[PDB]
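Heads up, the thing below is written out as structure tokens.
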Amino acid sequence: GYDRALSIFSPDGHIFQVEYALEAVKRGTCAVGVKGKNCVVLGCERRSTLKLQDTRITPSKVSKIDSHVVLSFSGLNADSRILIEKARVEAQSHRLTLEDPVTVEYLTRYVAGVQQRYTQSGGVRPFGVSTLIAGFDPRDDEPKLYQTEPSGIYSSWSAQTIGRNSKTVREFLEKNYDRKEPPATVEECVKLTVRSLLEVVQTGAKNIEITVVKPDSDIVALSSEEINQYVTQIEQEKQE
Amino acid sequence: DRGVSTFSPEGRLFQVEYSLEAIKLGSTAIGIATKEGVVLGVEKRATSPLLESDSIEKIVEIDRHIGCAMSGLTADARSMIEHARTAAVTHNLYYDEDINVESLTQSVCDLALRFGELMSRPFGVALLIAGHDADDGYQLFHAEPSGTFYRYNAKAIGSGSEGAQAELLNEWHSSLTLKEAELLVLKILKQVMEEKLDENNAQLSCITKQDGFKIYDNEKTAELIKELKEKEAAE
Amino acid sequence: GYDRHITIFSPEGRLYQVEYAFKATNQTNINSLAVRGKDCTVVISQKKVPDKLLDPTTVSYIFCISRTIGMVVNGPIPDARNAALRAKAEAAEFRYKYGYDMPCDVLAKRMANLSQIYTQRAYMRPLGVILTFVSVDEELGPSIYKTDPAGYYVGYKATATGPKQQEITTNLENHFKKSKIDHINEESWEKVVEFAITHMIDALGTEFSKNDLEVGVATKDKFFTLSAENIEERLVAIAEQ
Amino acid sequence: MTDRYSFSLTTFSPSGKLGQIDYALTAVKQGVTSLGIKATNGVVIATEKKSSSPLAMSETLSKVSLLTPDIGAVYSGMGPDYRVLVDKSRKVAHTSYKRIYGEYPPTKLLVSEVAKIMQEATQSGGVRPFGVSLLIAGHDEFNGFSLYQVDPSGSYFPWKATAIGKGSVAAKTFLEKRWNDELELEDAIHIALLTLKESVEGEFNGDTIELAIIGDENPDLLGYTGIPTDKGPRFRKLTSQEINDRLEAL
Amino acid sequence: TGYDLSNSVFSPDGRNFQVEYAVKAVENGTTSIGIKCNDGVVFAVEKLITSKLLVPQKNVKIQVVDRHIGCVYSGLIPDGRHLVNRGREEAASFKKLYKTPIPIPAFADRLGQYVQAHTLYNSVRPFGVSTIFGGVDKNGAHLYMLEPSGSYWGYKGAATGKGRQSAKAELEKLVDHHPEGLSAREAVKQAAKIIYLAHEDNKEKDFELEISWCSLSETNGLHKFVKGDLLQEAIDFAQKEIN
Amino acid sequence: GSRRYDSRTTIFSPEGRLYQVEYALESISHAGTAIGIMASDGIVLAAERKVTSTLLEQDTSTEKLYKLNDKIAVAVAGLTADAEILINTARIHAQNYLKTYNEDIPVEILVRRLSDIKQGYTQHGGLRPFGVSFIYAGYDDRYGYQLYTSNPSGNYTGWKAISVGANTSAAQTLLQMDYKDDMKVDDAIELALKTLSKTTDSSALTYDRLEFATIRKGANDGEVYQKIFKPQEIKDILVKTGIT
Amino acid sequence: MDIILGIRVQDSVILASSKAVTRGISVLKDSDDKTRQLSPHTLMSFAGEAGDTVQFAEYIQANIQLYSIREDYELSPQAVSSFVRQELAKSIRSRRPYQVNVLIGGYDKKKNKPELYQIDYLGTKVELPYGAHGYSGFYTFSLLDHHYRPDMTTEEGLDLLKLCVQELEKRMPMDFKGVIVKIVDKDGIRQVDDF
Amino acid sequence: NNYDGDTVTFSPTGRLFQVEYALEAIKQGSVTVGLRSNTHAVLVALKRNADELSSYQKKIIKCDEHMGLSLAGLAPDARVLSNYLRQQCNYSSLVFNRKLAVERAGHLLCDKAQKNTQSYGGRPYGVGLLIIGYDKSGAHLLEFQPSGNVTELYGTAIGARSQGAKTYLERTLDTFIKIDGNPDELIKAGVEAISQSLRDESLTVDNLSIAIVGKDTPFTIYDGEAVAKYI
Amino acid sequence: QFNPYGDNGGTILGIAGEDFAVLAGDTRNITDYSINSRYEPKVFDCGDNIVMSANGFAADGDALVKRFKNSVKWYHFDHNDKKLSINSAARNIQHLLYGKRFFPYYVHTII
Ligand SMILES: [Cl-]
């Protein structure tokens, strides 16, 4: 079998294949996560270079791993499917053996572990994907939001963004997100998430996707018109 | 290109030497061994204020009598920790006893040189392994990706290590109390860290014979930081 | 330019490692010749023992593959013995599986196929040898089949191999143009060996003693090599007319 | 030891070219000309027996090969590569078809199997592509007579008539002027001999030309009588004398 | 160029340069020889005394295979040991299936094919030794010499290592002056002389002589080391000839 | 050893791109153009054969349009031999699903499976990727008529109208101009042929240079029919739409 | 375990399963639920060898839940039953086969029809208006053959089921400690808590 | 140069550079001495610390009751090779009820090291070993190189500055070989030998490591205050 | 049919005192009604102040004692010459025995 060490150290102590995988993430469409007091919102950018697209059937950017946890990503689309499938299988395996659904931290730790493994195994390249994993632990009302990257490191975030122009939207979030008082309602959280994407997106039309996750497996994706109403209200307050 | 297991003209393995450079870029970790216990402390180094810092886990329990702190590519440490935990538990299963701290360290270090064309590269992380056993008392070890491990009275690893080690050279003596060691780790971490040290960007832990391995609360560490500030202002 | 190191195509559709294996074939500086009689097939080869410390009885490039099949090799002795051992193993296995002696042309095809694989698979190098197989086949009669590092093979009325193969080939061509038959019209193998040695002397322009030659003879149901004294008797008969 | 070449030796270059396949096609271009023509009641395939030495017995080297009783093959390019492909093609006709369905494969499907083998030598680890192009002629009950070309990439195409190798460009133009959908087998053989004469330098006779047909069933070549449904092979290699007879009416 | 960077690659000459480089390691080694006598074979080797701290007679170089074959080599000593280990496996499997001890020509090809196999791939390195070996079987005495390429022939006398040219010349004199043959006891004496004479190419350090033999009359066709009085007698004969 | 000759087919560039995937896409841009158009009452697949000959046996020839099952077909752009390897795997996957669940495989599940196979060759194994892009035309009872595309990276997307192969930039602009949501199959047939007629590198678009297929519920009642057009039928539809 | 029954009426499928678990000499439990929900509108009851029953049922449940998440879609009862049949047909030629018999009761939301499938440990599948495993059918089928109508209400189905259980309690030698009854219809799965 | 990329490549002069580079790792290692009489065999080793807070790296490893070694170079490689020796000593005792001869132990170490010098993918061992033992033919001392070369000696030294100790032993050869039935005097000779390799630093109580095996003496290692008697 | 087991007889006895312990056994070895040996030691000093006897099928008994003595040796190698305590030895012997759960050592062991 093909055993070639593709991920190796360089004289300055860098693993370039892992670092180049991060450059693939930089190219991917922007993804953002914001947790309120009783919810988490995942926002995603859709590049409008592709019209004549069939939006009914085209792969959506946010994926349910279980009924209570969701995963979004920035980077190689094909690579992300492999991580999503593995995470979904592990979620069902956990329910089968522990008789309890995965915690958000456990699912994050698993996906991050798979990513790390692909950085020191022979004959494989690292995933060109960073992920945002959000949801609620079983029988818990505390919001959870984690981030993973190609190297396999992971951490928890009050709010975070990944992908192209994520430096700009992180700038916005760092001055607009208060830890002592997070977005108290679904409305406030969605509004802050749409606002953060409007710093980068272009037209607020079919370019912004929004998914809201609440406790006890309550997950819903907002439609074009619902998001369009947030887009309308934000700019009418801005004209002042 | 060239083999992953190649020797340099000086008789050193290229990949091992390069992984040591990655560890130099890692956040600082410090350990101090006393006759009352061993203290372990780390710099958390969050990349952004929106990152919830209590999710940064650079100090980890291996068993009740053995703790561990890391510096470098911290994702690489996860399989090393998994192996260490498995080895500690397996020995207890086979022998109805605690494993020696040195034996645990040796088992972790056996993984290090298992790379080639086994894993595709060495680990990019260094570990400080601290613990207690009945035969050799309180112990602190430094485990490297070369497979070598040294025992230390005190040791610092990561980006601020050589400045910290010089400081540990002057401060350590064989009569240090546990309280004195805690303040000493805080003092030296504060010296080498970029950002100002507080209970949210630094973490303390210890291992004692009585209570075992414990990660300190942010409230407990905050008091020790206040105690440090006052005694430095006392002269 | 790693297309020259392993067996992959060059921009001209050539395999350089195969071409260089053909060049290794002439490293021993030895010439061989094969001809067919009515009842036999004869192969002769030059024998050179350049060191006095050598045991001359062990210096040989003719091999007894099976009872019926003989093989002469042009190329270095390590690769020659590699091919010899494999041919012996293949011939023995064939007899075990199919219940009859492996034909000369079938063994040639099998060794040619193995050689073809070395030209297509990168991890294996070509053998730097040309193999001339001889026998008196029970269906086809006297047979000469020759294999090379490209995996090519074909039957021959007669053939020659080595640094001076062209001189011997043309000499043989001219004889068969006169006689207008595909073989040496002679009853005994002794006279077919004499024909073979005579025409090698003519083509190379050199005289031979008993220790300068190596001879293999195939008849119905056996292949054998001649001793120095058997060759001497052959040389005496050539000189006496 | 162990084969440590587990990686592809054929890869895409910046321009999108697969170098090793292009170079294999170059080797085919240097090869001796071979052709095929399809008639209403048969198919003919032909090539030159380019003898490497006059001491060599060129009858022992078969450029036109029977794959099944109703399918034959000819090539241009590297001879040894062709020989092993004929071995693999003969075996796969049995292992992946005859041992399953109790009958020989139709021409198009055997071609498909040979094509797959050639494709894999273009992607699998530690190997180079085959340096040959094949022309495969055959007949089967439901598809009738057919003729196919297979290239080093593994691509294959059906033809009414075509040529490959050395003088293929000129030969294909010659075939375009002469071919029609009303040709009888004897007419196709006549055209094949006319076309092949243009690319041959030296001797042009039954001993230097190799020619075979896919035509009527030959009960005389079956080897047994008694089963009405078994009527014999449609593949037949023409003799040296049969070729020379048609060279007088040339 | 680049043809010499990888084993099994043919150069435009039709040469395997990696094998030719292995020969250089052989030529760098100490001198070892072999002499075929009337009813057996004698092997001798030069052992360089690098220091006084080397224990005399302890670091034995000549190796036995089965009970009737002796092996000596020049070049990389570990490579030679690896080849003898394989030879011992080949001899054991032959005797297991066929009962009779492996004939010397049969044993020669087993070593030959194994060494040749290490010239077929780039994933292995050629052997850095030339091996002189032989013994007595049912057809009499046999002496062989095997090169890094896998090439081997039978010999009347053989030599390899740094002082091979000197040794070869001495061996050629013995072949000419004794067409009828040499006795086993004579061959031991002559072997001692030739090693002492060949030591001129290694004259900086002093050396230790080591001799072994297999003879039908003297050792019952078994391989034995020359020891004690017979060794001293050969050393005295050798010292007398150099003065 | 062997490392010397390894091209390393599964590595990132400094910009975070996959060399071999990018180069395979370059190869596909020279292949004959294939077009898919989805209508309310069916799907059209139209594709151009590459510079042909008069001696090519067209009526038995297939290089562009392939049947995966009774409900799903594909149009190919790239290496035909590479495509047939993947096509046979897809045919097997469809039958595996039918055996397991006793229902025809949904279109997207088949598409995802083939796309994952393509992905694997870009991440592990050290082999070259498949130089193929597919247009999938299919029907199932969940989403109805569907069009997808996949490329050597293993990425796939859904479309109302799409092109692959040569001159996709020009083709996509022409499709984007004339496509409407309430369009019917007979209108889509015309659009596909008109688009090929304008984007082709040949002098004129004739029957012998085309492969054509429709997937219609124009099958008597509650079922779907695949129609791979014959040479004479391509000739007739060219006259009907007024191109010849 | 022991008795499992099923009946498909106009608008629902009803599954009845015994509560007893007996380990040789003693009845260890009298409240055991011999069923697993595979999807919101599909229920599977089971009986056979100890351990293998729950292991097989939970394995199937895990697989259907995995499919549901992957596709965001509920498989039809027919599709689920075919998947289960193949797993048992595979198992019967294994080193150690699953000794498990199942009934699958599902409501098809596409066709708006209840469906009942009976599958034994060999992988023998049949679609039925009513079914059973073991000796349960020997006592109950004559009653079902007489009274069953395809247009029965859920309440009428429960009443016919009560008559079947009463006949079992009369003529069966083993005490199966009553049955747990569950209904599968357009609104999902619910348990009848008084039976 | 162009021929040092892997162990499977000879240079044009017939050298193996990867093996030579592995030999270089031994020269960087701390000094260790070996010497023997007719009754006893002794190892003396200068241990190296990382700094003043650190421990001194152990140099001597026990392989059996009658055999053990000292190391210089890559310590993990010594652990692999000493583990192999422990297994081979153990196999000999379990299967044949026989203590493994020191000479045979040397042959086994040679062959294990050789395989890593002729194959692709692998690397040579980066450590040198001094093996002492007492078997059926008396006291023995062996020197192991990762080239595969194993040599039996009266005395020797490996590591940095080992040449000074080696010359001293070459002078004292006739004296220390005669120290029979006196373990303390043989160790004294070894401590005096290793002293000829010291610069700037001297032998302290946590610096010095001594091992001994003999006629009625199991292989035992002395560290700490147990070597103060010899300082 | 081949029977891999046998019975070598013998009787052993272990008694624990306040600050001492004894392990005793008879020295007779038998098969069926024959005496193999009148003195064949059955109780063994295994090092670290531990004594052991595995009574029953003597081949399995010798194998187990041999493997435990070996385990003591490797415990010293792997754990810095730490003394193997009696409780640790007992747990270790359980794993030696259960490793052949489906082809057992036909013995009754006492330490
Ligand atoms: Cl073959």
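Chain labels follow the order of the structure tokens: the first chain is A, the next B, and so on; residue numbering restarts at 1 in every chain, and ligands are counted from 1 in their shown order.
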Counting only C-alpha atoms, which residues of chain H come no farther than 10 Å from chain E, as a PyMOL selection string?
chain H and resi 2-5+7-16+35+103+107+110-115+117-121+140-142+147-156+166-167+169-173
Taking the DSSP assignment computed from this structure's backbone, write out as a PyMOL selection string all residues of range 57-238 of chain E that belong to helix (DSSP H, G or I).
chain E and resi 77-98+104-117+164-177+184-202+228-238
Could you write out as a PDB file with C-alpha atoms, in the first residue's frame the residues of chain B within 12 Å of chain F, counting only C-alpha atoms?
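Result file is iface27.pdb:
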```
ATOM      1  CA  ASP B   1      13.205  14.054  -1.592  1.00  0.00           C
ATOM      2  CA  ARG B   2      14.903  12.204   1.324  1.00  0.00           C
ATOM      3  CA  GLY B   3      14.021   9.590   3.965  1.00  0.00           C
ATOM      4  CA  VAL B   4      11.950  10.488   7.019  1.00  0.00           C
ATOM      5  CA  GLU B 117       7.836   4.797   5.572  1.00  0.00           C
TER       6      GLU B 117
END
```
Residues within 9 Å of ligand 1 (only C-alpha atoms and all ligand atoms), as a list in words?
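So the residues close to ligand 1 are residues 109, 110, 111, 112, 113 and 114 of chain C; 84 and 87 of chain D.
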Near-range 73-82 of chain I list (10 Å; only C-alpha atoms; drop same-chain fewer than 6 positions) as a ChimeraX atom specification
/B:95,99-104,106-107,135 /H:61-64,83,86-87,90 /I:46-48,67
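Near residue 193 in chain A, within 9 Å and counting only C-alpha atoms, sit residues 32, 33, 34, 41, 42, 43, 173, 188, 189, 190, 191, 195, 196, 197, 198 and 210 of chain A; same-chain residues fewer than 2 positions away were not included.
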Give me a file of those residues, with C-alpha atoms, as a tab-separated table (two decimals), in the first residue's frame.
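Generated output (out_34.tsv):
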```
chain	number	residue	atom	x	y	z
A	32	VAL	CA	-20.03	32.11	11.29
A	33	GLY	CA	-21.32	30.88	14.66
A	34	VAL	CA	-22.92	32.94	17.45
A	41	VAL	CA	-27.06	30.45	15.24
A	42	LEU	CA	-24.97	29.25	12.29
A	43	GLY	CA	-24.65	31.63	9.32
A	173	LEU	CA	-17.84	40.16	16.51
A	188	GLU	CA	-31.20	39.29	18.67
A	189	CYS	CA	-28.85	36.37	17.89
A	190	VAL	CA	-29.99	35.98	14.26
A	191	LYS	CA	-29.77	39.78	13.81
A	195	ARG	CA	-25.11	41.79	10.59
A	196	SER	CA	-21.73	40.04	10.83
A	197	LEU	CA	-22.11	38.44	7.37
A	198	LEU	CA	-23.28	41.74	5.80
A	210	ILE	CA	-29.21	31.03	8.57
```
Write out as a PyMOL selection string the residues lying within 8 Å of residue 43 in chain G, counting only C-alpha atoms and excluding same-chain residues fewer than 2 positions away.
chain G and resi 35-39+41+45+104-106+184+189
Would you list which chain B residues are within 7 Å of chain H using only C-alpha atoms, as a list in words?
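Using only C-alpha atoms, chain B residues at most 7 Å from chain H: residues 2, 3, 5, 6, 7, 8, 9, 10, 11, 12, 116, 117, 147, 148, 150, 151, 152, 153, 154 and 169 of chain B.
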Figure out the distance between CA of residue 75 in chain F and CA of residue 128 in chain D, please, to one decimal in Å.
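Going from CA of residue 128 in chain D over to CA of residue 75 in chain F, I get 28.9 Å.
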Name the residues in contact with residue 94 in chain B at a cut-off of 12 Å, using only C-alpha atoms, excluding same-chain residues fewer than 5 positions from it; report them as a CSV table (one decimal) with N, CA, C and O atoms, in the first residue's frame.
```csv
chain,number,residue,atom,x,y,z
B,86,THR,N,-4.2,4.5,29.0
B,86,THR,CA,-4.4,3.1,28.8
B,86,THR,C,-3.3,2.3,29.5
B,86,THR,O,-3.6,1.3,30.2
B,87,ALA,N,-2.1,2.7,29.5
B,87,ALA,CA,-0.9,2.1,30.1
B,87,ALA,C,-1.0,2.1,31.6
B,87,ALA,O,-0.7,1.1,32.3
B,88,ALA,N,-1.5,3.2,32.2
B,88,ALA,CA,-1.7,3.3,33.6
B,88,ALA,C,-2.8,2.4,34.1
B,88,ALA,O,-2.6,1.7,35.1
B,89,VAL,N,-3.9,2.4,33.4
B,89,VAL,CA,-5.1,1.5,33.8
B,89,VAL,C,-4.8,0.0,33.5
B,89,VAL,O,-5.1,-0.8,34.4
B,99,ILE,N,1.1,2.3,38.9
B,99,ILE,CA,2.3,2.2,38.1
B,99,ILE,C,3.3,3.3,38.5
B,99,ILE,O,2.9,4.4,38.9
I,71,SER,N,7.8,-13.8,34.6
I,71,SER,CA,7.1,-12.6,34.9
I,71,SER,C,7.7,-11.8,36.0
I,71,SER,O,7.7,-10.5,35.9
I,75,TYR,N,9.2,-8.1,35.5
I,75,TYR,CA,8.7,-7.1,36.3
I,75,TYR,C,9.9,-6.2,36.9
I,75,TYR,O,9.8,-5.0,37.0
I,87,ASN,N,0.2,-9.6,46.6
I,87,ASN,CA,-1.1,-9.3,46.0
I,87,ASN,C,-1.0,-9.0,44.5
I,87,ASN,O,-1.8,-9.4,43.7
I,88,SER,N,0.1,-8.4,44.1
I,88,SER,CA,0.4,-8.1,42.7
I,88,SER,C,0.8,-9.4,41.9
I,88,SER,O,0.4,-9.5,40.8
I,89,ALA,N,1.5,-10.3,42.6
I,89,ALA,CA,1.8,-11.6,42.0
I,89,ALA,C,0.5,-12.4,41.8
I,89,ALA,O,0.3,-13.0,40.7
I,90,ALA,N,-0.4,-12.3,42.7
I,90,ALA,CA,-1.7,-13.0,42.6
I,90,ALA,C,-2.6,-12.5,41.4
I,90,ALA,O,-3.1,-13.4,40.7
I,91,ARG,N,-2.7,-11.2,41.3
I,91,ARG,CA,-3.4,-10.7,40.1
I,91,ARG,C,-2.8,-11.0,38.8
I,91,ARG,O,-3.5,-11.3,37.8
I,92,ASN,N,-1.4,-11.1,38.8
I,92,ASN,CA,-0.7,-11.4,37.6
I,92,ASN,C,-0.9,-12.9,37.2
I,92,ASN,O,-1.1,-13.2,36.0
I,93,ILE,N,-1.0,-13.8,38.2
I,93,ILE,CA,-1.2,-15.2,37.9
I,93,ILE,C,-2.7,-15.4,37.4
I,93,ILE,O,-2.9,-16.3,36.6
I,94,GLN,N,-3.6,-14.6,37.8
I,94,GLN,CA,-5.0,-14.7,37.3
I,94,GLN,C,-5.0,-14.5,35.7
I,94,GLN,O,-5.7,-15.2,35.0
I,95,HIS,N,-4.2,-13.5,35.3
I,95,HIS,CA,-4.2,-13.2,33.8
I,95,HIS,C,-3.4,-14.3,33.1
I,95,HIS,O,-3.7,-14.5,31.9
I,96,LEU,N,-2.4,-14.9,33.7
I,96,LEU,CA,-1.7,-16.0,33.0
I,96,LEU,C,-2.7,-17.2,32.9
I,96,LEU,O,-2.7,-17.8,31.8
I,98,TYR,N,-6.2,-17.1,33.0
I,98,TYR,CA,-7.4,-16.7,32.1
I,98,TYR,C,-7.0,-16.6,30.7
I,98,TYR,O,-7.9,-16.7,29.8
I,99,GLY,N,-5.8,-16.3,30.4
I,99,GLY,CA,-5.3,-16.3,29.0
I,99,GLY,C,-5.5,-17.6,28.2
I,99,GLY,O,-5.7,-17.6,27.0
```
